[PDB]
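One chain comes next, on its own, written as structure tokens: the form deposited without the ligand.
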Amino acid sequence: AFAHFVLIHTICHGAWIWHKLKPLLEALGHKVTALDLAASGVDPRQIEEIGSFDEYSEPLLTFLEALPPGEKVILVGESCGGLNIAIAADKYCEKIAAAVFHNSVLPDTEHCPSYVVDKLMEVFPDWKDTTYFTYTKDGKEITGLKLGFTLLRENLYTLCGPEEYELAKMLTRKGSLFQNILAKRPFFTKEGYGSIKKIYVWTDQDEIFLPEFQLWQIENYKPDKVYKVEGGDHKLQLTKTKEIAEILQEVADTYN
């Protein structure tokens, strides 16, 4: 079967991270949309204009809003993109056939929206040469970050080629986790987000979303299906692109 996959990058990244996977999925016959979220990739906004993870999610919400009635998509979120998935599913659950988490945060409905980010920061406290700053938006102080090039090289792009790591150095931008804003956000709903099918894809060789974290997330909020990819690195859509496409094909054949 064919599906429309909507690929959702993580903070400080853009659609460009999907530049290998998107043509491969298209070569299997799928439709693929790879969005730039707010203040990401070639989006014209800067992060200091964005006040919350919800506002950061606008391009995804707008895209979903534009789907004609009856059209459903499979969302695919990497790393912090799982929070964009949860936000989207609480507005447009009827348009989501399934959500695929790709070395991603997996929010739940019983704890506040910051819960799995808080845990991530306990498991992986040292972001190496990443730099931080603060800005104010809508009366709140927001911590921005710019991912350090050593962190990128060693922990996110560990096994990626030099030409892929170069893209990351060139294209990663200032971003934010909006952790303190998530901490005060209404909880993700059982009727929206809680109802969607959730497929969790990961590798135990991820050097930033470490096994203790990912296995903690799976036990915290049981996915409908788990796929473990052997080898690769945090950026499985670069290091294990074919295996990810293979998994996404199966998802398309299972969930509609």
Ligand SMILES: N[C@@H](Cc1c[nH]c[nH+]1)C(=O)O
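One rule holds for the numbers: they count along the sequence shown, beginning at 1.
The discussion below concerns the form solved in complex with the ligand, not included here.
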The ligand contact in the entry with it bound: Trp127, any heavy atom under 4.5 Å: yes
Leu156, heavy atom within 4.5 angstroms of the ligand in the entry with it bound: yes
Heavy atom of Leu120 within 4.5 Å of the ligand in the entry with it bound: yes
In the entry with it bound, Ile11 touching the ligand (heavy atom, 4.5 Å): yes
Location of the ligand contact in the entry with it bound, chosen stretch of 92-100, 179-187, 135-143, 79-87 [non-hydrogen atom, 4.5 Å]: 79-87
Residue (of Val229, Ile199, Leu35, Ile208) lying close to the ligand in the entry with it bound, criterion heavy atoms within 4.5 Å: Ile208
Contact set, 217-256 vs the ligand in the entry with it bound - heavy atom within 4.5 angstroms: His234, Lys235
